[PDB]
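Notes follow the structure.
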Amino acid sequence: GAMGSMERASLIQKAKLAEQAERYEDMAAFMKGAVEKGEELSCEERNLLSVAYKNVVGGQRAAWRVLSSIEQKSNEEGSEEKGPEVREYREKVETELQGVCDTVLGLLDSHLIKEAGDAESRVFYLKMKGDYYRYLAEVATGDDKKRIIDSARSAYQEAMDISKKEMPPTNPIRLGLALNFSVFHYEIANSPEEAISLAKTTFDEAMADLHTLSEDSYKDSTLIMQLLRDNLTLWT
Amino acid sequence: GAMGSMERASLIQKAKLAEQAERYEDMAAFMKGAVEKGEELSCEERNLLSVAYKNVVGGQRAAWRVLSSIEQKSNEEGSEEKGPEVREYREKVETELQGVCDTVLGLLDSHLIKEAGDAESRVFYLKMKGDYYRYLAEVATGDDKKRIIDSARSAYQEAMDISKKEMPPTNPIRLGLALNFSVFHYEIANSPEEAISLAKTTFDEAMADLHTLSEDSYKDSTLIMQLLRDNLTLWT
Amino acid sequence: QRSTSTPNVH
Amino acid sequence: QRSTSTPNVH
Ligand SMILES: [Ca+2]
Ligand SMILES: [Ca+2]
Ligand SMILES: [Ca+2]
Ligand SMILES: [Ca+2]
Ligand SMILES: [Cl-]
Ligand SMILES: [Cl-]
Ligand SMILES: [Mg+2]
Ligand SMILES: [Mg+2]
Ligand SMILES: [Mg+2]
Ligand SMILES: [Mg+2]
């Protein structure tokens, strides 16, 4: 890999610089290089990895949606034939997106997840695994769609089971995991009732634990709780 | 080139799609491919080329500024030594930026400018030539800085001379050219008085020709005139 | 309007 | 605050 000659600490330093410069592709490459050093990641380092790839894939998802919408409109009755270009370019963006997802899943499998023993790291990585299978699911068409959905579900479920056993209901990782699993249910799995139930229970159990928290932890937890509430408003 | 197998019309179609998807790197590659077909560009096509590369280089310039600022702060007295990483990463971004500038200048030289005979195309391309030398000048340090500045000045000047002879004072290309040449004077050439004088004269001569214009042309011209005024407010 | 997922935050 | 140059427009 191109980052094989750079020190781990230098890669982390440059990832932080790239974040400041809003150079997320570079940030992702630097964090990939850091992971490939083979050492476990700290909490801050895990978060850098997450931010970098979320921003990269986020760009791709937004683009793919634009192109997919144009494509669907071309396939309506009364629409003028414009040749293969829309499909071709949507396919190009889609392939790049799938490549980014595969890269992240590869890092998790080789070997972040297997070395992660603490609840905070293991849940973080398993949530990521769910997330990147969910992003694959967004663009998947057919039966391979089914296996991708099941892979996302399985990762989220394993993460949920650990988080419920090992973390307080207000833990931001636990909250973010439940939020994203609820989005999976609603947006991917055609299970809006499961989504609503999960969001409601997550919100209520966190509410009841807020009293245990410092002012700063309270702010961190309530930020994510508000997103659960925003979704419940959207969904009901 | 990677776009050598794609039809010119397909490249233009995909450039427009990439613009809608905010995929400006792709948009630039598609327009590069289109230019390399060897045919002159229409007005709309010239504008696609301009938008694509402006957005790419715009990203790079913003990043370079962030990194350069961090770097300067590291070199102040009392700043802790953090090793070569800031300089290295600024250099990386800088090199990529210079590469993008060189690519655009290459397209203009091979062979857009030499085939451009109408005032609207020739002024457009010469303004671009000025602009991309100006972007090189922003990051240049030393005597090569001087030759780069002179290259920008020369391109702008040739464009100005043609625009003054061949276009009305309200022509948007003419206005945009004068705006950018004024920015060159103020920001690059250490000539704020030249900048102010140019902006003022450009604004006043356009004001006096507005009466000749349709409602839509009036809107197009006054939009750029407002930028001249915004700069004069900033500069005085 | 799509559902909101977890944003970039610690 | 840097000077404004020509934006993306026709
Ligand atoms: Ca076509
Ligand atoms: Ca371990
Ligand atoms: Ca260092
Ligand atoms: Ca010609
Ligand atoms: Cl394509
Ligand atoms: Cl670097
Ligand atoms: Mg028809
Ligand atoms: Mg495909
Ligand atoms: Mg000290
Ligand atoms: Mg350099």
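Labels for the structure tokens follow display order: chains A, B, ..., residues from 1 in each chain, ligands from 1.
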Given 8 Å and only C-alpha atoms and all ligand atoms, residues near ligand 8 as a PDB file with C-alpha atoms, in the first residue's frame:
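Result went into result00.pdb, see below:
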```pdb
ATOM      1  CA  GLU A  91     -23.094   2.298 -12.727  1.00  0.00           C
ATOM      2  CA  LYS A  92     -19.701   3.999 -12.509  1.00  0.00           C
ATOM      3  CA  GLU A  94     -22.241   2.724  -7.922  1.00  0.00           C
ATOM      4  CA  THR A  95     -19.125   0.655  -8.549  1.00  0.00           C
ATOM      5  CA  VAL A 139     -27.798   0.077  -4.232  1.00  0.00           C
ATOM      6  CA  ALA A 140     -28.297  -3.691  -4.411  1.00  0.00           C
TER       7      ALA A 140
END
```
Rows by chain and residue number, chain D within 7 Å of chain B, shortest pair, only C-alpha atoms, as a Markdown table:
```
| residue | atom | partner | partner_atom | distance |
| --- | --- | --- | --- | --- |
| D:3 | CA | B:231 | CA | 5.9 |
| D:4 | CA | B:231 | CA | 6.5 |
| D:5 | CA | B:180 | CA | 5.3 |
| D:6 | CA | B:176 | CA | 5.5 |
| D:8 | CA | B:51 | CA | 5.7 |
| D:10 | CA | B:47 | CA | 6.2 |
```
Please return as a PyMOL selection string the residues found within 10 Å of ligand 1, counting only C-alpha atoms and all ligand atoms.
(chain A and resi 81-86) or (chain B and resi 7+9-14)
Can you pull out every residue within 7 Å of residue 225 (chain B), counting only C-alpha atoms, but drop anything in the same chain fewer than 4 positions away, and send it as a ChimeraX atom specification?
/B:203,221,229
File dump, residues just selected, C-alpha atoms, as a compact mmCIF listing (two decimals), in the first residue's frame:
```txt
# COMPACT_ATOMS: atom_id res chain seq x y z
CA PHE B 203 -18.41 49.38 -13.18
CA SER B 221 -24.58 42.00 -16.18
CA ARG B 229 -18.87 46.89 -6.04
```
Could you please select, counting only C-alpha atoms, the residues of chain B within 6 Å of chain A and state them as a PyMOL selection string?
chain B and resi 21+63+66
Quick one: write out the picked residues with N, CA, C and O atoms as a PDB file, in the first residue's frame?
```pdb
ATOM      1  N   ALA B  21     -24.803  15.845 -10.005  1.00  0.00           N
ATOM      2  CA  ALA B  21     -24.419  14.997  -8.900  1.00  0.00           C
ATOM      3  C   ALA B  21     -23.331  15.604  -8.012  1.00  0.00           C
ATOM      4  O   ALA B  21     -22.877  14.964  -7.070  1.00  0.00           O
ATOM      5  N   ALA B  63      -8.248  23.968   0.610  1.00  0.00           N
ATOM      6  CA  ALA B  63      -7.445  23.058   1.418  1.00  0.00           C
ATOM      7  C   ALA B  63      -6.028  23.583   1.643  1.00  0.00           C
ATOM      8  O   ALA B  63      -5.510  23.543   2.759  1.00  0.00           O
ATOM      9  N   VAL B  66      -5.886  26.320   4.269  1.00  0.00           N
ATOM     10  CA  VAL B  66      -5.984  25.743   5.603  1.00  0.00           C
ATOM     11  C   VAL B  66      -4.621  25.244   6.062  1.00  0.00           C
ATOM     12  O   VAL B  66      -4.171  25.592   7.159  1.00  0.00           O
TER      13      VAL B  66
END
```
Ligand 7: which residues are within 8 Å, counting only C-alpha atoms and all ligand atoms? Reply as a PyMOL selection string.
chain A and resi 78-80
Pairwise distance for CA of residue 174 (chain B) and CA of residue 111 (chain B), rounded to one decimal in Å:
22.2 Å
Any chance you could dump chain C, least-squares fitted to chain D on all C-alpha atoms in order, as an mmCIF file with N, CA, C and O atoms, in the first residue's frame?
```cif
data_model
loop_
_atom_site.group_PDB
_atom_site.id
_atom_site.type_symbol
_atom_site.label_atom_id
_atom_site.label_comp_id
_atom_site.auth_asym_id
_atom_site.auth_seq_id
_atom_site.Cartn_x
_atom_site.Cartn_y
_atom_site.Cartn_z
ATOM 1 N N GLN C 1 -10.495 38.578 4.761
ATOM 2 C CA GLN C 1 -11.489 38.381 3.708
ATOM 3 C C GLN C 1 -10.879 38.643 2.333
ATOM 4 O O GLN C 1 -10.509 39.771 2.022
ATOM 5 N N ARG C 2 -10.803 37.595 1.513
ATOM 6 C CA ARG C 2 -10.245 37.700 0.173
ATOM 7 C C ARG C 2 -11.221 38.325 -0.808
ATOM 8 O O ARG C 2 -12.433 38.275 -0.630
ATOM 9 N N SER C 3 -10.658 38.888 -1.872
ATOM 10 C CA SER C 3 -11.458 39.472 -2.925
ATOM 11 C C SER C 3 -12.307 38.396 -3.601
ATOM 12 O O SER C 3 -11.919 37.228 -3.659
ATOM 13 N N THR C 4 -13.466 38.825 -4.105
ATOM 14 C CA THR C 4 -14.364 37.955 -4.835
ATOM 15 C C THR C 4 -13.976 37.926 -6.302
ATOM 16 O O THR C 4 -13.883 38.974 -6.935
ATOM 17 N N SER C 5 -13.788 36.716 -6.841
ATOM 18 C CA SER C 5 -13.598 36.568 -8.271
ATOM 19 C C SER C 5 -14.881 36.047 -8.912
ATOM 20 O O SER C 5 -15.874 35.812 -8.228
ATOM 21 N N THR C 6 -14.845 35.855 -10.233
ATOM 22 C CA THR C 6 -16.045 35.522 -10.972
ATOM 23 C C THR C 6 -16.534 34.157 -10.522
ATOM 24 O O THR C 6 -15.768 33.210 -10.466
ATOM 25 N N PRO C 7 -17.821 34.010 -10.162
ATOM 26 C CA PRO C 7 -18.354 32.703 -9.780
ATOM 27 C C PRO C 7 -18.731 31.858 -10.995
ATOM 28 O O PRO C 7 -18.643 32.315 -12.138
ATOM 29 N N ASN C 8 -19.183 30.626 -10.748
ATOM 30 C CA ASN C 8 -19.765 29.798 -11.802
ATOM 31 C C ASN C 8 -21.121 30.331 -12.262
ATOM 32 O O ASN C 8 -22.054 30.390 -11.472
ATOM 33 N N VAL C 9 -21.181 30.759 -13.530
ATOM 34 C CA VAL C 9 -22.334 31.421 -14.135
ATOM 35 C C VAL C 9 -21.992 31.474 -15.625
ATOM 36 O O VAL C 9 -20.825 31.331 -15.977
ATOM 37 N N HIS C 10 -22.982 31.691 -16.505
ATOM 38 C CA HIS C 10 -22.776 31.448 -17.933
ATOM 39 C C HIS C 10 -21.706 32.378 -18.580
ATOM 40 O O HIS C 10 -21.918 33.569 -18.793
#
```
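Ranking A:123, A:152, A:56, A:41 by their shortest atom-to-atom distance to ligand 2, with only C-alpha atoms and all ligand atoms included, puts A:41 first.
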Residues flagged helix (DSSP H, G or I) by DSSP in region 32-227 of chain B, as a PyMOL selection string:
chain B and resi 32-35+43-74+85-115+119-139+144-166+172-188+192-207+210-212+215-227
Fit result for chain B on chain A over all paired C-alpha atoms, given as a compact mmCIF listing (two decimals) with C-alpha atoms, in the first residue's frame:
```txt
# COMPACT_ATOMS: atom_id res chain seq x y z
CA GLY B 1 0.00 0.00 0.00
CA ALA B 2 1.06 3.56 -0.74
CA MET B 3 1.08 4.44 2.98
CA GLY B 4 3.34 1.52 3.92
CA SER B 5 6.41 3.76 4.18
CA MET B 6 4.81 6.35 6.49
CA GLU B 7 4.96 6.14 10.29
CA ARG B 8 1.68 5.29 12.05
CA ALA B 9 1.84 8.50 14.08
CA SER B 10 2.43 10.55 10.92
CA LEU B 11 -0.59 8.94 9.24
CA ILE B 12 -2.76 9.87 12.23
CA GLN B 13 -1.37 13.42 12.27
CA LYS B 14 -2.07 13.80 8.52
CA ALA B 15 -5.56 12.33 8.90
CA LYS B 16 -6.32 15.14 11.38
CA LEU B 17 -4.89 17.73 8.98
CA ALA B 18 -6.95 16.34 6.08
CA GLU B 19 -10.07 16.58 8.25
CA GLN B 20 -9.30 20.27 8.90
CA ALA B 21 -8.79 20.81 5.16
CA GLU B 22 -11.98 18.88 4.33
CA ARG B 23 -9.89 16.43 2.28
CA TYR B 24 -11.83 13.33 3.21
CA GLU B 25 -10.48 11.02 0.51
CA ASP B 26 -6.96 11.73 1.78
CA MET B 27 -8.16 11.36 5.38
CA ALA B 28 -9.55 7.91 4.52
CA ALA B 29 -6.35 6.80 2.77
CA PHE B 30 -4.27 7.93 5.77
CA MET B 31 -6.54 6.06 8.20
CA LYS B 32 -6.50 2.97 6.00
CA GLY B 33 -2.69 3.16 6.14
CA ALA B 34 -2.87 3.45 9.93
CA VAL B 35 -5.14 0.43 10.28
CA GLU B 36 -2.81 -1.58 8.05
CA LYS B 37 0.01 -1.06 10.55
CA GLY B 38 -1.71 -3.91 12.45
CA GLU B 39 -2.05 -2.25 15.87
CA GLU B 40 -5.45 -1.77 17.47
CA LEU B 41 -7.01 1.68 17.26
CA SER B 42 -7.68 4.02 20.14
CA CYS B 43 -11.09 5.62 20.63
CA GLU B 44 -10.01 8.79 18.88
CA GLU B 45 -8.43 6.83 16.01
CA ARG B 46 -11.61 4.74 15.54
CA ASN B 47 -13.52 7.98 15.26
CA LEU B 48 -11.10 9.38 12.64
CA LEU B 49 -11.56 6.21 10.57
CA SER B 50 -15.32 6.52 10.85
CA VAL B 51 -15.47 10.23 9.96
CA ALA B 52 -13.21 9.81 6.93
CA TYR B 53 -15.08 6.95 5.27
CA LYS B 54 -18.52 8.31 6.26
CA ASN B 55 -17.72 11.51 4.39
CA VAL B 56 -16.37 9.66 1.34
CA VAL B 57 -19.31 7.25 1.07
CA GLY B 58 -21.69 10.10 1.94
CA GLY B 59 -20.61 11.97 -1.19
CA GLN B 60 -21.02 8.82 -3.28
CA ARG B 61 -24.47 8.05 -1.83
CA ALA B 62 -25.71 11.57 -2.55
CA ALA B 63 -24.39 11.37 -6.11
CA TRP B 64 -25.84 7.89 -6.68
CA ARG B 65 -29.25 9.11 -5.53
CA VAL B 66 -29.18 12.02 -7.97
CA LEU B 67 -28.23 9.74 -10.87
CA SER B 68 -30.66 6.98 -9.88
CA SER B 69 -33.50 9.53 -9.82
CA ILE B 70 -32.59 10.80 -13.29
CA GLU B 71 -32.38 7.22 -14.50
CA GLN B 72 -35.82 6.31 -13.13
CA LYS B 73 -37.34 9.34 -14.83
CA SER B 74 -35.77 8.31 -18.15
CA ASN B 75 -37.58 4.97 -17.82
CA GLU B 76 -41.05 6.51 -17.47
CA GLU B 77 -43.56 6.37 -20.34
CA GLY B 78 -43.33 9.53 -22.47
CA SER B 79 -39.64 10.07 -21.67
CA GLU B 80 -37.37 10.59 -24.69
CA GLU B 81 -34.70 7.89 -25.22
CA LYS B 82 -31.29 9.33 -24.34
CA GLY B 83 -29.10 6.28 -24.85
CA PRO B 84 -26.98 4.38 -22.29
CA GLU B 85 -25.14 7.29 -20.68
CA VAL B 86 -27.29 7.78 -17.57
CA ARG B 87 -27.17 4.07 -16.71
CA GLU B 88 -23.44 3.93 -17.50
CA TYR B 89 -22.59 6.86 -15.24
CA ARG B 90 -24.87 5.67 -12.41
CA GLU B 91 -23.09 2.30 -12.73
CA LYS B 92 -19.70 4.00 -12.51
CA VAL B 93 -20.62 5.87 -9.32
CA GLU B 94 -22.24 2.72 -7.92
CA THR B 95 -19.12 0.65 -8.55
CA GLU B 96 -16.93 3.23 -6.82
CA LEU B 97 -19.33 3.31 -3.86
CA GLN B 98 -19.32 -0.51 -3.61
CA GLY B 99 -15.53 -0.38 -3.74
CA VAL B 100 -15.37 2.01 -0.79
CA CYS B 101 -17.79 -0.21 1.16
CA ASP B 102 -15.73 -3.29 0.35
CA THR B 103 -12.54 -1.54 1.49
CA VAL B 104 -14.08 -0.63 4.86
CA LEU B 105 -15.52 -4.14 5.31
CA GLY B 106 -12.10 -5.54 4.43
CA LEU B 107 -10.42 -3.51 7.16
CA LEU B 108 -13.01 -4.61 9.69
CA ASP B 109 -12.49 -8.27 8.69
CA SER B 110 -8.70 -7.93 8.41
CA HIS B 111 -8.37 -7.61 11.34
CA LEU B 112 -10.09 -4.91 13.42
CA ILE B 113 -13.11 -6.89 14.62
CA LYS B 114 -11.28 -10.04 15.62
CA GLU B 115 -8.84 -8.12 17.81
CA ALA B 116 -11.52 -5.93 19.42
CA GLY B 117 -12.32 -7.28 22.89
CA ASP B 118 -13.62 -4.28 24.80
CA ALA B 119 -17.29 -3.47 24.38
CA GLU B 120 -16.58 0.09 23.15
CA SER B 121 -14.35 -1.05 20.28
CA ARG B 122 -16.26 -4.23 19.40
CA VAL B 123 -19.63 -2.47 19.27
CA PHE B 124 -18.12 0.41 17.30
CA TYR B 125 -16.71 -1.95 14.64
CA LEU B 126 -19.80 -4.13 14.42
CA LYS B 127 -21.97 -1.02 13.98
CA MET B 128 -19.64 0.03 11.15
CA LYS B 129 -19.98 -3.43 9.59
CA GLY B 130 -23.77 -3.04 9.71
CA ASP B 131 -23.54 0.47 8.28
CA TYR B 132 -21.40 -0.46 5.28
CA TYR B 133 -23.55 -3.48 4.44
CA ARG B 134 -26.54 -1.12 4.72
CA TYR B 135 -24.89 1.19 2.18
CA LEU B 136 -24.34 -1.77 -0.11
CA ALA B 137 -28.01 -2.71 0.39
CA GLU B 138 -29.14 0.75 -0.70
CA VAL B 139 -27.80 0.08 -4.23
CA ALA B 140 -28.30 -3.69 -4.41
CA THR B 141 -30.86 -5.23 -6.77
CA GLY B 142 -32.13 -8.80 -6.51
CA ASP B 143 -31.27 -11.88 -4.42
CA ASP B 144 -27.76 -10.72 -3.64
CA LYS B 145 -29.76 -7.88 -2.07
CA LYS B 146 -31.17 -10.43 0.38
CA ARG B 147 -27.80 -11.74 1.54
CA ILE B 148 -26.47 -8.18 1.89
CA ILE B 149 -29.49 -7.20 4.03
CA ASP B 150 -28.97 -10.27 6.19
CA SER B 151 -25.28 -9.40 6.61
CA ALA B 152 -26.19 -5.90 7.77
CA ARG B 153 -28.87 -7.27 10.14
CA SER B 154 -26.49 -9.83 11.61
CA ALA B 155 -23.79 -7.27 12.34
CA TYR B 156 -26.23 -4.84 13.90
CA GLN B 157 -27.79 -7.61 16.01
CA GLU B 158 -24.45 -8.81 17.39
CA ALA B 159 -23.58 -5.18 18.22
CA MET B 160 -26.96 -4.64 19.90
CA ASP B 161 -26.62 -7.75 22.06
CA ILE B 162 -23.18 -6.66 23.34
CA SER B 163 -24.23 -3.03 23.86
CA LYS B 164 -27.27 -4.08 25.89
CA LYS B 165 -25.15 -6.31 28.12
CA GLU B 166 -22.12 -4.07 28.49
CA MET B 167 -23.07 -0.38 28.14
CA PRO B 168 -25.51 2.00 29.87
CA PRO B 169 -28.60 3.05 27.85
CA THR B 170 -27.14 6.56 27.42
CA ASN B 171 -23.80 5.42 25.98
CA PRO B 172 -23.40 7.40 22.66
CA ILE B 173 -22.10 4.34 20.82
CA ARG B 174 -25.12 2.34 22.02
CA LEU B 175 -27.48 5.18 21.06
CA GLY B 176 -25.92 5.65 17.63
CA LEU B 177 -26.06 1.93 17.00
CA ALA B 178 -29.76 1.78 17.90
CA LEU B 179 -30.45 4.85 15.75
CA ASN B 180 -28.77 3.29 12.72
CA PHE B 181 -30.39 -0.13 13.26
CA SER B 182 -33.75 1.65 13.40
CA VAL B 183 -32.90 3.33 10.05
CA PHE B 184 -32.03 -0.12 8.67
CA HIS B 185 -35.46 -1.42 9.73
CA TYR B 186 -37.33 1.52 8.24
CA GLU B 187 -35.36 2.23 5.08
CA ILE B 188 -33.92 -1.17 4.08
CA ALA B 189 -35.83 -4.00 5.76
CA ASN B 190 -39.38 -2.82 5.11
CA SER B 191 -40.06 -3.01 8.87
CA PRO B 192 -41.30 0.45 9.97
CA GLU B 193 -42.96 -0.97 13.09
CA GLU B 194 -39.70 -2.55 14.24
CA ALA B 195 -37.98 0.79 13.53
CA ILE B 196 -40.51 2.78 15.59
CA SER B 197 -40.47 0.30 18.49
CA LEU B 198 -36.71 0.27 18.62
CA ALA B 199 -36.46 4.09 18.48
CA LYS B 200 -39.11 4.52 21.18
CA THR B 201 -37.62 1.97 23.59
CA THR B 202 -34.10 3.31 23.04
CA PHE B 203 -35.23 6.87 23.69
CA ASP B 204 -37.23 6.00 26.82
CA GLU B 205 -34.47 3.89 28.39
CA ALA B 206 -31.92 6.62 27.76
CA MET B 207 -34.23 9.28 29.22
CA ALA B 208 -34.41 7.31 32.44
CA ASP B 209 -30.60 7.11 32.76
CA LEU B 210 -29.81 10.78 32.02
CA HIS B 211 -29.78 11.59 35.74
CA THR B 212 -26.53 9.60 36.15
CA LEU B 213 -24.57 11.76 33.71
CA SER B 214 -22.31 14.80 33.88
CA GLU B 215 -23.28 17.95 32.00
CA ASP B 216 -20.96 17.03 29.12
CA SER B 217 -22.11 13.40 28.88
CA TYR B 218 -25.69 14.62 29.09
CA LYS B 219 -25.09 16.87 26.09
CA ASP B 220 -23.51 13.98 24.13
CA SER B 221 -26.40 11.59 24.84
CA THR B 222 -29.25 14.05 24.32
CA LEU B 223 -27.83 15.04 20.93
CA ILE B 224 -28.38 11.51 19.61
CA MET B 225 -31.67 11.08 21.45
CA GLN B 226 -32.97 14.07 19.52
CA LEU B 227 -32.27 12.24 16.25
CA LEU B 228 -34.35 9.27 17.46
CA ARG B 229 -37.14 11.73 18.20
CA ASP B 230 -36.75 13.42 14.80
CA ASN B 231 -37.16 10.03 13.12
CA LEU B 232 -40.19 9.12 15.24
CA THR B 233 -41.74 12.45 14.17
CA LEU B 234 -40.98 11.64 10.53
CA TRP B 235 -42.30 8.08 10.90
CA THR B 236 -45.54 8.73 12.80
```
